[PDB]
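>>> Sequence, then the experimental structure. Questions to follow.
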Amino acid sequence: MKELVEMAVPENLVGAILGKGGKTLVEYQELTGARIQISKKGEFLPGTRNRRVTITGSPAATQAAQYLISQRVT
């Protein structure tokens, strides 16, 4: 069983998630086995300046990746 988690990441912190070169985003995927994607390098959520991050995989994989990203959201 697989699921999709969608979370918000303020535009001024996204450089944190990527880590530059995508290094971190690749590592988090690597460690968890969850696929992680960040919204259009131009568009955000609602009356938002938060980009949308989509995480897919097993519930446990998805939760470990959301958690690890959350630690870096300042």
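Looks like it arrived, so ask away. Numbers count the residues shown, from 1 in each chain.
>>> Tell me which residues touch residue 29, please.
35-36, 65 (CB atoms under 8 Å, 6 or more residues apart in numbering). C-beta coordinates here come from the backbone N, C-alpha and C atoms, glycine included.
>>> what does the lengthiest helix in the chain contact?
As assigned by DSSP state H, the longest helix anywhere in the chain is helix 59-71. Outside helix 59-71, the residues that touch it by CB under 8 Å, 6+ apart are 1, 3-5, 7, 9, 17, 28-29, 31-34, 36, 53, 55-57.
>>> Show me what counts as buried in that helix.
Within helix 59-71, the residues scored as buried using 16 or more other CB atoms under 10 Å are 61-66, 68-69.
>>> before we move on, back to that, how about the contacts of residue 29 in JSON lines, adding distance to residue 42?
Below are the contacts of residue 29 laid out as JSON lines (distance: CB to CB, whole Å):
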{"residue": "35", "distance to residue 42": "21"}
{"residue": "36", "distance to residue 42": "19"}
{"residue": "65", "distance to residue 42": "23"}
